[PDB]
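Notes follow once the structure below has been shown.
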Amino acid sequence: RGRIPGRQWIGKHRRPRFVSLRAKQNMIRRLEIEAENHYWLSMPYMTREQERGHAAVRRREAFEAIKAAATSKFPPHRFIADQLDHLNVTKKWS
Amino acid sequence: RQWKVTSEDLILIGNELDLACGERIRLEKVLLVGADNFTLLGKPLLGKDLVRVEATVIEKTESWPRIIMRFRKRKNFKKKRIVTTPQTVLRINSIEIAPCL
Amino acid sequence: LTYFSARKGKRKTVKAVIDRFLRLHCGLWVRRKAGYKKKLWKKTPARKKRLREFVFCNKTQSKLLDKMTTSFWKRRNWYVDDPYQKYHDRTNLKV
Amino acid sequence: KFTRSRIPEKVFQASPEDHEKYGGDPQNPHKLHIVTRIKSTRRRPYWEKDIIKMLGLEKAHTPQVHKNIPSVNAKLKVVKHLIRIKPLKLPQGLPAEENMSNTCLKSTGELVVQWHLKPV
Amino acid sequence: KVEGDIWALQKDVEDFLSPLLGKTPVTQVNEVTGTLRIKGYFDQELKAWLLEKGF
Amino acid sequence: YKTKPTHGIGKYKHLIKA
Amino acid sequence: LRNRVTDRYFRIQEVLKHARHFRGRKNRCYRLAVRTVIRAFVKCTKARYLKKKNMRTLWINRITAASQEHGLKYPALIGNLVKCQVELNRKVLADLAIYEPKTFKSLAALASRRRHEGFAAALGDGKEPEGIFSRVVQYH
Amino acid sequence: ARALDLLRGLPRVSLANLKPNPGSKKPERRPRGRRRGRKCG
Amino acid sequence: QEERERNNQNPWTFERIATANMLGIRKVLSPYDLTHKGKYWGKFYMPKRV
RNA sequence: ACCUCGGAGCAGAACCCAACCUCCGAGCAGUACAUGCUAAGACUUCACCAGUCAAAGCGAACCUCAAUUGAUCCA
RNA sequence: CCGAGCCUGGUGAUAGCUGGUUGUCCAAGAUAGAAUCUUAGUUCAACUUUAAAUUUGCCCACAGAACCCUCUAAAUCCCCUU
RNA sequence: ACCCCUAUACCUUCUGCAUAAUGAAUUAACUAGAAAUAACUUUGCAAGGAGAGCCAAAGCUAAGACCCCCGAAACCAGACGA
Ligand SMILES: [Mg+2]
Ligand SMILES: [Mg+2]
Ligand SMILES: [Mg+2]
Ligand SMILES: [Mg+2]
Ligand SMILES: [Mg+2]
Ligand SMILES: [Mg+2]
Ligand SMILES: [Mg+2]
Ligand SMILES: [Mg+2]
Ligand SMILES: [Mg+2]
Ligand SMILES: [Mg+2]
Ligand SMILES: [Mg+2]
Ligand SMILES: [Mg+2]
Ligand SMILES: [Mg+2]
Ligand SMILES: [Mg+2]
Ligand SMILES: [Mg+2]
Ligand SMILES: [Mg+2]
């Protein structure tokens with residue numbers, strides 16, 4: 001008898017939903033966290049002119065390491081030991 | 001895990017312990033010890049001098065095979081694993097209490 | 001394109017490609033502009049000058065033409081007075 | 001159309017009432033943030049996902065220490081609704097070389113320099 | 001066509017080409033087929049170097 | 001540009017009513 | 001017929017040995033047995049989450065029963081046991097409720113004492129003793 | 001050379017001991033199985 | 001309306017949340033909501049909405 | 001009813017953006033005959049094909065317009 | 001079983017259309033468009049995969065991107081630090 | 001054993017199928033990825049390689065690795081039929 005037109009939660013006529021106490025309290029506590037975040041993002045420490053180049057050396061070194069890893073690429077070494085010890089497959093009593 | 005142990009019984013723990021079979025071990029981290037007519041609680045652990053629980057390693061084994069099957073319909077999606085986790089059996093030998101209360 | 005011929009079992013070549021394009025030994029294909037000799041009375045001198053040019057082809061077009069031609073057309077030729085002799089090799093190209 | 005949102009700078013200007021509500025001192029502000037992801041980047045835009053990846057908050061509820069400088073502050077302002085920001089406070093000094101091994105973040109933000117496991 | 005131990009040759013080649021490159025050269029050693037592969041073009045330098053060593 | 005302080009500097013048809 | 005399959009029986013048995021306890025034609029016919037065994041193994045893999053959840057629900061029900069026997073409520077008991085720094089989980093709490101009723105009565109009495117101390121604290125802001133089974137132990 | 005000294009041990013080379021160089025024999029891909037079947041690329 | 005606006009007792013305002021993008025609410029809101037302040041919904045106006 | 005090309009809106013402030021969506025147009029015209037020749041560097045209608053701008057130089061005096069259009073083969 | 005008999009052969013006719021396409025395990029992986037007797041397809045872009053070489057990629061700040069009527073919005077481009 | 005709790009067969013096709021969309025009674029057996037150009041890897045030799053021919057401003061030679069199955073209504077030739 002209580003019939004909603006097709007696909008309850010989409011369309012022109014939808015099944016109504018209402019907000020409980022849970023949802024309001026959850027929203028309020030997340031808003032409180034956000035407000036405290038706003039507070040703590042309000043007092044910087046280096047005013048954007050004092051941070052001009054304080055990490056440039058370290059970032060350059062990091063990218064140099066990245067490039068060294070990217071360019072140190074080559075086929076691995078090949079040894080006589082593996083080719084010769086494949087002969088151990090037929091090692092009988094000795 | 002928390003185990004309700006007494007003397008003489010067995011406990012199965014689901015990993016290796018790097019101990020030989022027959023090795024005796026002191027089980028620290030005792031948070032409750034109760035006898036008839038009284039009980040002692042820790043906050044959250046009881047003192048080292050108060051309680052002393054001993055356990056011997058009795059069996060090092062693996063579990064029975066556990067099947068891990070993944071399936072999704074109409075997607076040709078089917079995977080299967082078999083796992084056997086390590087296991088150790090501990091026999092609790094004694095639970096002593098000292099007058100240092 | 002007759003990957004296998006009914007007579008020799010060999011790959012064949014499309015002769016339209018040979019009639020329209022020139023292949024340098026480096027791997028580059030040279031073509032002529034479309035419409036470079038059609039209705040020059042409605043075209044400006046700059047447009048006609050850029051239409052008279054011999055231009056290079058895409059990477060995609062080059063691979064397509066390499067597939068459409070046989071390896072005979074990719075060999076190193078040593079003609080007597082080739083006007084494209086100096087273009088058969090690449091210089092100062094890095095990776 | 002849904003776009004990125006630019007926040008007016010009047011939002012990030014604390015009042016004395018805010019300085020009373022929270023323990024921050026507008027003079028000598030804190031050097032380092034502790035940032036913790038407390039909200040998934042699913043159903044969020046790709047730029048927020050990328051910013052979380054750059055900040056290194058891919059794992060939720062895992063604290064990460066960052067500078068209190070304007071560039072990283074703008075980075076955090078982009079995704080401020082997915083994270084928690086607290087000051088990093090040092091009751092003792094900075095960790096030394098011989099005390100670097102025995103330390104603990106010790107939530108409430110107090111990076112303690114000595115970490116025993118005995119009651120006081 | 002290396003013959004004998006090839007690790008000494010690798011050491012010598014690295015010591016020779018490190019000043020020229022500013023870094024140690026990237027190298028692969030093949031003992032079973034006694035060859036030495038080096039990343040980059042150093043054919044003339046290595047030819048002159050081996051001629052000076054007298055090979 | 002329209003977001004810049006110097007927006008509308010090339011405005012002249014408000015001067016010439018003709 | 002170069003190299004046709006010889007040991008198909010052993011693969012059929014590999015699938016069929018997990019269907020012996022089924023009912024119907026799916027305990028003997030491979031075409032249906034394979035589908036039903038696939039579903040059974042998927043159920044076996046997915047049942048671990050439900051086993052954990054259901055065992056925790058059983059512990060909660062048993063603890064609620066015991067606490068109501070002592071006149072307490074489950075949230076009050078759990079919260080005040082946490083506040084007394086006694087960290088016993090639902091499993092051992094139900095274990096004690098079944099097998100150590102004296103210990104469980106002592107635990108419920110301690111939780112009720114802590115709850116009353118919390119009420120007195122909310123009334124008087126400490127002033128003086130802030131309770132005795134309060135006063136958490138500090139660690140460093 | 002050390003290689004023939006190594007071979008002085010190393011039970012004799014026969015037709016039961018041979019093996020190609022790794023990388024020379026790329027493995028064939030067949031359209032059987034879940035990954036390489038059901039549409040076969 | 002002004003008196004209701006100033007003596008409103010809860011600390012959470014549609015204007016504040018929408019303008020600060022609190023909780024990322026702009027993914028649900030509209031660009032017009034920054035000026036409509038939650039008081040307007042389509043062609044409907046709520047005079048009690050504050 | 002339409003099929004190609006251009007201008008405006010939709011598509012408000014880099015670019016792009018549909019509709020058997022809303023409106024305008026085009027399939028030319030006019031003037032020199034260096035509307036000669038070459039040649040850096042660029043743009044580009046989301047591919048290609050097509051299309052667009054242009055320094056320097058050699059010569060010689062001391063270009064409007066928005067679209068105004070048609071590949072190959074072949075003749 | 002005749003809008004044009006039946007049989008054999010060409011013939012394994014052809015099918016942008018439907019159906020089907022068989023061991024285990026792991027990994028990366030969801031696309032702006034243009035043209036086309038073309039929109040049930042394909043080619044080039046785009047995205048995606050592998051292997052190589054090298055150095056910058058993303059996020060971004062000041063300054064900066066005609067007008068004209070009447071507003072001119074959420075934003076965008078460019079972009080060092082980080 | 002059941003009773004308790006959890007759980008909307010599979011394949012294909014699709015934006016999306018428990019779908020009341022396809023297919024499947026069931027068992028046994030049979031039944032569906034064929035190769036080039038150019039690349040990649042691994043050897044040999046090396047300004048040369050290749051057992052004539054061919055390629056070559058490090059190349060050449062050799063190997064490995066790689067592109068399915070069933071189905072029309074049709075058309076034509078020659079026989080056979082009142
Ligand atoms: Mg319905
Ligand atoms: Mg199948
Ligand atoms: Mg373009
Ligand atoms: Mg000029
Ligand atoms: Mg067919
Ligand atoms: Mg179908
Ligand atoms: Mg994956
Ligand atoms: Mg079609
Ligand atoms: Mg449908
Ligand atoms: Mg469904
Ligand atoms: Mg069905
Ligand atoms: Mg159908
Ligand atoms: Mg049927
Ligand atoms: Mg036909
Ligand atoms: Mg006919
Ligand atoms: Mg008759």
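Labels used: A, B, ... for chains in the order of the structure tokens, numbers from 1 for residues in each chain, and numbers from 1 for ligands as shown.
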Review point. Running DSSP on the backbone, which parts of chain H land in helix (DSSP H, G or I), as a ChimeraX atom specification?
Key: /H:2-8
Can I get the selected residues back with N, CA and C atoms, as a short mmCIF file (atom, residue, chain, number, x, y, z; two decimals), in the first residue's frame?
```
data_model
loop_
_atom_site.label_atom_id
_atom_site.label_comp_id
_atom_site.auth_asym_id
_atom_site.auth_seq_id
_atom_site.Cartn_x
_atom_site.Cartn_y
_atom_site.Cartn_z
N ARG H 2 89.98 -21.65 -13.67
CA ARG H 2 89.25 -22.26 -12.56
C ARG H 2 88.06 -23.08 -13.03
N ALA H 3 87.59 -22.87 -14.26
CA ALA H 3 86.38 -23.54 -14.72
C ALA H 3 86.60 -25.04 -14.91
N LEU H 4 87.72 -25.43 -15.52
CA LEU H 4 87.99 -26.85 -15.67
C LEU H 4 88.32 -27.51 -14.34
N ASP H 5 88.93 -26.76 -13.42
CA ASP H 5 89.11 -27.28 -12.07
C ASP H 5 87.77 -27.54 -11.39
N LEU H 6 86.80 -26.65 -11.60
CA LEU H 6 85.45 -26.89 -11.11
C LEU H 6 84.84 -28.12 -11.77
N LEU H 7 85.06 -28.28 -13.08
CA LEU H 7 84.54 -29.42 -13.81
C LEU H 7 85.17 -30.74 -13.37
N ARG H 8 86.36 -30.70 -12.77
CA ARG H 8 86.98 -31.93 -12.29
C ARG H 8 86.10 -32.65 -11.27
#
```
**Study point:** Env. residues ligand 15 / 10 Å / only C-alpha atoms (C1' of nucleotides) and all ligand atoms / as a PyMOL selection string
**Key:** (chain K and resi 4) or (chain L and resi 74-76)
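Near chain D, the residues of chain A that fall inside 8 Å (using only C-alpha atoms) are residues 33, 34, 36, 37, 38, 39, 40, 41, 42, 43, 44, 45, 46, 47, 48 and 51 of chain A.
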Exercise for review: For chain H, report every residue with an atom at most 7 Å from chain A (counting only C-alpha atoms), formatted as a ChimeraX atom specification.
Suggested key: /H:10-11,13,17
Would you mind exporting N, CA, C and O atoms of the selected residues as a compact mmCIF listing (two decimals), in the first residue's frame?
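Heads up, here's the output in selection_8.txt:
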```
# COMPACT_ATOMS: atom_id res chain seq x y z
N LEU H 10 81.89 -32.22 -10.17
CA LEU H 10 80.81 -31.92 -11.11
C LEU H 10 80.49 -33.07 -12.05
O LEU H 10 81.01 -33.10 -13.17
N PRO H 11 79.68 -34.05 -11.62
CA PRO H 11 79.48 -35.29 -12.40
C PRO H 11 79.32 -35.09 -13.90
O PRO H 11 78.83 -34.05 -14.36
N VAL H 13 79.27 -34.58 -17.91
CA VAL H 13 78.28 -33.97 -18.78
C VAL H 13 77.69 -35.03 -19.70
O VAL H 13 78.42 -35.76 -20.38
N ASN H 17 71.99 -33.78 -18.60
CA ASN H 17 72.45 -32.62 -17.87
C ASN H 17 72.33 -31.31 -18.62
O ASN H 17 72.62 -30.25 -18.04
```
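CA of residue 115 (chain D) sits 9.5 Å away from CA of residue 101 (chain D).
Coordinates place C1' of residue 56 (chain K) at a distance of 15.8 Å from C1' of residue 79 (chain K).
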Practice item. Check which residues fall inside 12 Å of ligand 8 when counting only C-alpha atoms (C1' of nucleotides) and all ligand atoms, and print them as a PyMOL selection string. Key: chain K and resi 15-17+36-42
Can you build me a table of chain B residues sitting at most 10 Å from chain L, with the closest atom pair per residue and its distance in Å to one decimal, using only C-alpha atoms (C1' of nucleotides), sorted by chain and residue number, as JSON lines?
```
{"residue": "B:73", "atom": "CA", "partner": "L:10", "partner_atom": "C1'", "distance": 7.8}
{"residue": "B:74", "atom": "CA", "partner": "L:11", "partner_atom": "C1'", "distance": 7.0}
{"residue": "B:75", "atom": "CA", "partner": "L:11", "partner_atom": "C1'", "distance": 9.9}
{"residue": "B:76", "atom": "CA", "partner": "L:11", "partner_atom": "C1'", "distance": 9.7}
```
Write the selection just made, keeping C-alpha atoms, as a PDB file, in the first residue's frame?
```pdb
ATOM      1  CA  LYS B  73      29.769 -14.163 -11.008  1.00  0.00           C
ATOM      2  CA  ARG B  74      29.820 -13.452 -14.753  1.00  0.00           C
ATOM      3  CA  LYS B  75      33.373 -12.105 -14.450  1.00  0.00           C
ATOM      4  CA  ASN B  76      35.561 -15.240 -14.825  1.00  0.00           C
TER       5      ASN B  76
END
```
Please identify the residues whose atoms come within 8 Å of ligand 2, using only C-alpha atoms (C1' of nucleotides) and all ligand atoms, and report them as a PDB file with N, CA and C atoms (P, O5', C5', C4', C3', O3' and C1' of nucleotides), in the first residue's frame.
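Contents of selection35.pdb, as written:
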```pdb
ATOM      1  N   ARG H  38      39.025 -17.770 -22.319  1.00  0.00           N
ATOM      2  CA  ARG H  38      37.661 -17.244 -22.279  1.00  0.00           C
ATOM      3  C   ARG H  38      37.422 -16.126 -23.284  1.00  0.00           C
TER       4      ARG H  38
ATOM      5  P     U K  21      32.490 -21.175 -23.657  1.00  0.00           P
ATOM      6  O5'   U K  21      33.866 -21.129 -24.459  1.00  0.00           O
ATOM      7  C5'   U K  21      34.631 -22.304 -24.682  1.00  0.00           C
ATOM      8  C4'   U K  21      35.781 -22.045 -25.625  1.00  0.00           C
ATOM      9  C3'   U K  21      36.910 -21.172 -25.101  1.00  0.00           C
ATOM     10  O3'   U K  21      37.830 -21.860 -24.283  1.00  0.00           O
ATOM     11  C1'   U K  21      36.305 -20.435 -27.242  1.00  0.00           C
ATOM     12  P     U K  22      37.799 -21.669 -22.695  1.00  0.00           P
ATOM     13  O5'   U K  22      37.237 -23.064 -22.198  1.00  0.00           O
ATOM     14  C5'   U K  22      37.315 -23.441 -20.839  1.00  0.00           C
ATOM     15  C4'   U K  22      37.892 -24.821 -20.697  1.00  0.00           C
ATOM     16  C3'   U K  22      39.298 -24.874 -20.110  1.00  0.00           C
ATOM     17  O3'   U K  22      39.396 -26.017 -19.272  1.00  0.00           O
ATOM     18  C1'   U K  22      39.288 -25.932 -22.213  1.00  0.00           C
TER      19        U K  22
ATOM     20  P     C L  11      29.675 -17.565 -13.711  1.00  0.00           P
ATOM     21  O5'   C L  11      29.246 -17.925 -15.200  1.00  0.00           O
ATOM     22  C5'   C L  11      29.999 -18.841 -15.981  1.00  0.00           C
ATOM     23  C4'   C L  11      29.402 -19.022 -17.353  1.00  0.00           C
ATOM     24  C3'   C L  11      29.357 -17.785 -18.233  1.00  0.00           C
ATOM     25  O3'   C L  11      30.590 -17.528 -18.880  1.00  0.00           O
ATOM     26  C1'   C L  11      27.271 -18.886 -18.312  1.00  0.00           C
TER      27        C L  11
END
```
Review point. Please, which residues have at least one atom within 10 Å of an atom of ligand 4, using only C-alpha atoms (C1' of nucleotides) and all ligand atoms, listed as JSON, numbers by chain?
Key: {"J": [39, 54, 55, 56, 57]}
Exercise for review: Kindly provide, as a ChimeraX atom specification, all nucleotide and amino acid residues lying within 12 Å of ligand 5, counting only C-alpha atoms (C1' of nucleotides) and all ligand atoms.
Suggested key: /K:12-15,17-19 /L:68-72
Output file for the residues above (N, CA, C and O atoms (P, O5', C5', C4', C3', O3' and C1' of nucleotides), as a PDB file, in the first residue's frame):
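Saved as part-v3.pdb:
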```pdb
ATOM      1  P     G K  12      35.077 -28.429 -49.129  1.00  0.00           P
ATOM      2  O5'   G K  12      35.263 -27.617 -47.774  1.00  0.00           O
ATOM      3  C5'   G K  12      34.192 -27.479 -46.847  1.00  0.00           C
ATOM      4  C4'   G K  12      34.266 -26.186 -46.069  1.00  0.00           C
ATOM      5  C3'   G K  12      34.581 -24.933 -46.885  1.00  0.00           C
ATOM      6  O3'   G K  12      33.906 -23.818 -46.307  1.00  0.00           O
ATOM      7  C1'   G K  12      36.191 -25.183 -45.197  1.00  0.00           C
ATOM      8  P     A K  13      32.364 -23.528 -46.629  1.00  0.00           P
ATOM      9  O5'   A K  13      32.397 -22.239 -47.560  1.00  0.00           O
ATOM     10  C5'   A K  13      33.389 -22.081 -48.561  1.00  0.00           C
ATOM     11  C4'   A K  13      33.062 -20.936 -49.479  1.00  0.00           C
ATOM     12  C3'   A K  13      32.939 -19.573 -48.822  1.00  0.00           C
ATOM     13  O3'   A K  13      34.196 -18.946 -48.651  1.00  0.00           O
ATOM     14  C1'   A K  13      31.110 -19.932 -50.279  1.00  0.00           C
ATOM     15  P     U K  14      34.749 -18.603 -47.187  1.00  0.00           P
ATOM     16  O5'   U K  14      34.041 -17.228 -46.822  1.00  0.00           O
ATOM     17  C5'   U K  14      34.200 -16.084 -47.644  1.00  0.00           C
ATOM     18  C4'   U K  14      33.022 -15.154 -47.520  1.00  0.00           C
ATOM     19  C3'   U K  14      32.616 -14.773 -46.106  1.00  0.00           C
ATOM     20  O3'   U K  14      33.428 -13.756 -45.547  1.00  0.00           O
ATOM     21  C1'   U K  14      30.696 -15.362 -47.347  1.00  0.00           C
ATOM     22  P     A K  15      33.865 -13.822 -44.002  1.00  0.00           P
ATOM     23  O5'   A K  15      32.549 -13.414 -43.204  1.00  0.00           O
ATOM     24  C5'   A K  15      31.997 -12.117 -43.349  1.00  0.00           C
ATOM     25  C4'   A K  15      30.543 -12.057 -42.945  1.00  0.00           C
ATOM     26  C3'   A K  15      30.242 -12.154 -41.460  1.00  0.00           C
ATOM     27  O3'   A K  15      30.388 -10.903 -40.817  1.00  0.00           O
ATOM     28  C1'   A K  15      28.683 -13.439 -42.733  1.00  0.00           C
ATOM     29  P     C K  17      28.965  -6.714 -35.566  1.00  0.00           P
ATOM     30  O5'   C K  17      27.864  -7.697 -36.157  1.00  0.00           O
ATOM     31  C5'   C K  17      26.513  -7.290 -36.298  1.00  0.00           C
ATOM     32  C4'   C K  17      25.572  -8.465 -36.202  1.00  0.00           C
ATOM     33  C3'   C K  17      25.816  -9.431 -35.055  1.00  0.00           C
ATOM     34  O3'   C K  17      25.345  -8.973 -33.804  1.00  0.00           O
ATOM     35  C1'   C K  17      25.490 -10.657 -37.030  1.00  0.00           C
ATOM     36  P     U K  18      26.208  -9.262 -32.485  1.00  0.00           P
ATOM     37  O5'   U K  18      25.753 -10.719 -32.038  1.00  0.00           O
ATOM     38  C5'   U K  18      24.468 -10.928 -31.481  1.00  0.00           C
ATOM     39  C4'   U K  18      24.062 -12.379 -31.500  1.00  0.00           C
ATOM     40  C3'   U K  18      24.853 -13.336 -30.632  1.00  0.00           C
ATOM     41  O3'   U K  18      24.539 -13.237 -29.254  1.00  0.00           O
ATOM     42  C1'   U K  18      24.430 -14.330 -32.729  1.00  0.00           C
ATOM     43  P     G K  19      25.642 -13.599 -28.146  1.00  0.00           P
ATOM     44  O5'   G K  19      25.901 -15.153 -28.346  1.00  0.00           O
ATOM     45  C5'   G K  19      24.897 -16.107 -28.047  1.00  0.00           C
ATOM     46  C4'   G K  19      25.330 -17.497 -28.428  1.00  0.00           C
ATOM     47  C3'   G K  19      26.625 -17.979 -27.806  1.00  0.00           C
ATOM     48  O3'   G K  19      26.479 -18.404 -26.467  1.00  0.00           O
ATOM     49  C1'   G K  19      26.640 -18.474 -30.105  1.00  0.00           C
TER      50        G K  19
ATOM     51  P     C L  68      44.554 -17.304 -36.373  1.00  0.00           P
ATOM     52  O5'   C L  68      43.756 -18.512 -35.718  1.00  0.00           O
ATOM     53  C5'   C L  68      42.370 -18.684 -35.955  1.00  0.00           C
ATOM     54  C4'   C L  68      41.765 -19.633 -34.957  1.00  0.00           C
ATOM     55  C3'   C L  68      40.444 -20.264 -35.353  1.00  0.00           C
ATOM     56  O3'   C L  68      40.607 -21.356 -36.239  1.00  0.00           O
ATOM     57  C1'   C L  68      40.322 -19.501 -33.123  1.00  0.00           C
ATOM     58  P     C L  69      39.480 -21.692 -37.328  1.00  0.00           P
ATOM     59  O5'   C L  69      38.303 -22.326 -36.472  1.00  0.00           O
ATOM     60  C5'   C L  69      38.484 -23.542 -35.763  1.00  0.00           C
ATOM     61  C4'   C L  69      37.213 -23.955 -35.076  1.00  0.00           C
ATOM     62  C3'   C L  69      35.947 -23.813 -35.897  1.00  0.00           C
ATOM     63  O3'   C L  69      35.768 -24.843 -36.847  1.00  0.00           O
ATOM     64  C1'   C L  69      35.574 -22.921 -33.760  1.00  0.00           C
ATOM     65  P     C L  70      34.970 -24.541 -38.202  1.00  0.00           P
ATOM     66  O5'   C L  70      33.447 -24.538 -37.749  1.00  0.00           O
ATOM     67  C5'   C L  70      32.892 -25.677 -37.117  1.00  0.00           C
ATOM     68  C4'   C L  70      31.504 -25.417 -36.601  1.00  0.00           C
ATOM     69  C3'   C L  70      30.535 -24.764 -37.561  1.00  0.00           C
ATOM     70  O3'   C L  70      30.048 -25.634 -38.563  1.00  0.00           O
ATOM     71  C1'   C L  70      30.331 -23.750 -35.459  1.00  0.00           C
ATOM     72  P     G L  71      29.714 -25.060 -40.024  1.00  0.00           P
ATOM     73  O5'   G L  71      28.463 -24.106 -39.785  1.00  0.00           O
ATOM     74  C5'   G L  71      27.251 -24.610 -39.248  1.00  0.00           C
ATOM     75  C4'   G L  71      26.218 -23.528 -39.086  1.00  0.00           C
ATOM     76  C3'   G L  71      25.952 -22.675 -40.308  1.00  0.00           C
ATOM     77  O3'   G L  71      25.128 -23.324 -41.257  1.00  0.00           O
ATOM     78  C1'   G L  71      26.110 -21.296 -38.393  1.00  0.00           C
ATOM     79  P     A L  72      25.549 -23.359 -42.803  1.00  0.00           P
ATOM     80  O5'   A L  72      25.118 -21.930 -43.344  1.00  0.00           O
ATOM     81  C5'   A L  72      24.047 -21.807 -44.262  1.00  0.00           C
ATOM     82  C4'   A L  72      22.953 -20.929 -43.721  1.00  0.00           C
ATOM     83  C3'   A L  72      22.026 -20.336 -44.768  1.00  0.00           C
ATOM     84  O3'   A L  72      20.964 -21.215 -45.082  1.00  0.00           O
ATOM     85  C1'   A L  72      22.772 -18.635 -43.296  1.00  0.00           C
TER      86        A L  72
END
```
Point to revise | Contacts with ligand 13 at most 12 Å, only C-alpha atoms (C1' of nucleotides) and all ligand atoms counted, listed as an NGL selection string | key: :L and (22-25)
Using only C-alpha atoms (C1' of nucleotides) and all ligand atoms, which residues have at least one atom no more than 10 Å from ligand 10? Output them as a PDB file with C-alpha atoms (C1' of nucleotides), in the first residue's frame.
```
ATOM      1  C1'   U L   8      19.208 -13.381  -4.478  1.00  0.00           C
ATOM      2  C1'   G L  16      22.620  -2.477 -15.226  1.00  0.00           C
ATOM      3  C1'   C L  17      20.191  -9.744 -14.694  1.00  0.00           C
ATOM      4  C1'   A L  18      18.100 -13.691  -8.696  1.00  0.00           C
ATOM      5  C1'   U L  19      15.874 -11.920 -12.807  1.00  0.00           C
TER       6        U L  19
END
```
Practice item. Show me which bits of chain A are within 8 Å of chain E, counting only C-alpha atoms, as a list in words. Key: residues 72, 73, 74, 75, 76, 77, 78, 79, 80 and 83 of chain A
Please produce a file of the residues just selected, as a PDB file, in the first residue's frame, where the atoms kept are C-alpha atoms.
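Full text of part.pdb as output:
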```pdb
ATOM      1  CA  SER A  72      71.682   2.709 -12.754  1.00  0.00           C
ATOM      2  CA  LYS A  73      69.768   0.095 -14.751  1.00  0.00           C
ATOM      3  CA  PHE A  74      71.568  -2.759 -16.504  1.00  0.00           C
ATOM      4  CA  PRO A  75      71.324  -6.531 -16.936  1.00  0.00           C
ATOM      5  CA  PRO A  76      72.672  -8.456 -13.942  1.00  0.00           C
ATOM      6  CA  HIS A  77      75.979 -10.285 -13.869  1.00  0.00           C
ATOM      7  CA  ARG A  78      76.337 -13.840 -15.179  1.00  0.00           C
ATOM      8  CA  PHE A  79      78.522 -16.419 -13.442  1.00  0.00           C
ATOM      9  CA  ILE A  80      80.112 -19.711 -14.469  1.00  0.00           C
ATOM     10  CA  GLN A  83      75.923 -22.977 -15.400  1.00  0.00           C
TER      11      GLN A  83
END
```
Per residue of chain D within 9 Å of chain I, what are the shortest atom pair and its distance in Å to one decimal, counting only C-alpha atoms, with rows by chain and residue number, as a tab-separated table?
```
residue	atom	partner	partner_atom	distance
D:1	CA	I:31	CA	7.6
D:2	CA	I:27	CA	6.5
D:3	CA	I:27	CA	8.5
D:4	CA	I:26	CA	9.0
D:5	CA	I:21	CA	7.2
D:6	CA	I:20	CA	8.6
D:7	CA	I:20	CA	5.8
D:8	CA	I:20	CA	7.5
D:11	CA	I:20	CA	6.8
D:44	CA	I:27	CA	8.4
D:79	CA	I:24	CA	8.5
D:80	CA	I:22	CA	8.2
D:81	CA	I:23	CA	4.8
D:82	CA	I:23	CA	7.5
```
Include N, CA and C atoms and write out the residues we just selected as a CSV table (one decimal), in the first residue's frame.
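Written out: again-v1.csv:
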```csv
chain,number,residue,atom,x,y,z
D,1,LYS,N,28.4,24.3,-11.6
D,1,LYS,CA,29.4,23.3,-11.7
D,1,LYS,C,30.3,23.2,-10.5
D,2,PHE,N,30.7,22.0,-10.1
D,2,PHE,CA,31.5,21.8,-9.0
D,2,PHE,C,33.0,22.0,-9.3
D,3,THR,N,33.6,22.9,-8.5
D,3,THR,CA,35.0,23.3,-8.8
D,3,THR,C,35.8,23.2,-7.4
D,4,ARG,N,37.1,23.5,-7.5
D,4,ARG,CA,37.8,23.7,-6.3
D,4,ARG,C,37.3,25.0,-5.6
D,5,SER,N,37.5,25.0,-4.2
D,5,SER,CA,37.0,26.1,-3.4
D,5,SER,C,38.1,26.9,-2.8
D,6,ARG,N,38.1,28.2,-3.0
D,6,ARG,CA,39.1,29.0,-2.4
D,6,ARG,C,38.5,29.6,-1.1
D,7,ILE,N,39.2,29.5,0.0
D,7,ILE,CA,38.7,29.9,1.3
D,7,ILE,C,39.2,31.3,1.6
D,8,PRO,N,38.3,32.2,2.0
D,8,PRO,CA,38.8,33.6,2.4
D,8,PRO,C,39.7,33.5,3.6
D,11,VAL,N,38.9,33.3,7.4
D,11,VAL,CA,38.7,32.1,8.2
D,11,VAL,C,39.9,31.7,9.0
D,44,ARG,N,35.5,11.9,-3.0
D,44,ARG,CA,36.2,13.2,-2.9
D,44,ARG,C,36.9,13.4,-4.2
D,79,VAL,N,42.7,20.1,2.0
D,79,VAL,CA,42.1,18.9,2.5
D,79,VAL,C,41.7,18.9,4.0
D,80,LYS,N,41.5,20.1,4.5
D,80,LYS,CA,41.3,20.3,5.9
D,80,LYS,C,40.1,19.5,6.5
D,81,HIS,N,39.2,19.2,5.6
D,81,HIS,CA,38.0,18.5,6.1
D,81,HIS,C,38.2,17.0,6.2
D,82,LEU,N,39.3,16.4,5.8
D,82,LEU,CA,39.6,15.0,5.9
D,82,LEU,C,40.6,14.6,7.0
```
